[PDB]
């Protein structure tokens, strides 16, 4: 099992998740870490996860704003997660296109 670190805010100051796209395998963890230009958060819309389960998208969403440097949030995409793409965004920086995509391999 691997852990993928996603920086929220690039080192240079770009309002992006870095890296934006990550492919994971069942059991892998994605760890988001507050990097530059907080606050950020991590939203998955109900229609943006495989099978469009609102329960799933809600449980994955960290809608609470993250302010502190190095503040982190992790999701383990375990065996019961459906394969497909999970597209997320940062609410504060939606206008800037601060978005990402986790692919659970099938």
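Numbering follows the first chain given and starts at 1.
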> So 10-18 or 80-88, which one's hotter by mean CA B-factor in the entry?
Replying inline: 10-18
>> Could you place residue 70 in the lowest, middle or highest third of its chain by Cα temperature factor, using the values in the record?
In response: middle
> Would the CA B-factor of residue 47 place it in the lowest, middle or highest third of its chain?
Replying inline: highest
>> Using the temperature factors of the C-alpha atoms in this entry, rank residue 27 within its chain: lowest, middle or highest third.
In response: middle
>> Test of reading the entry: by CA B factor among the chain's modelled residues, which third contains residue 60?
In response: lowest
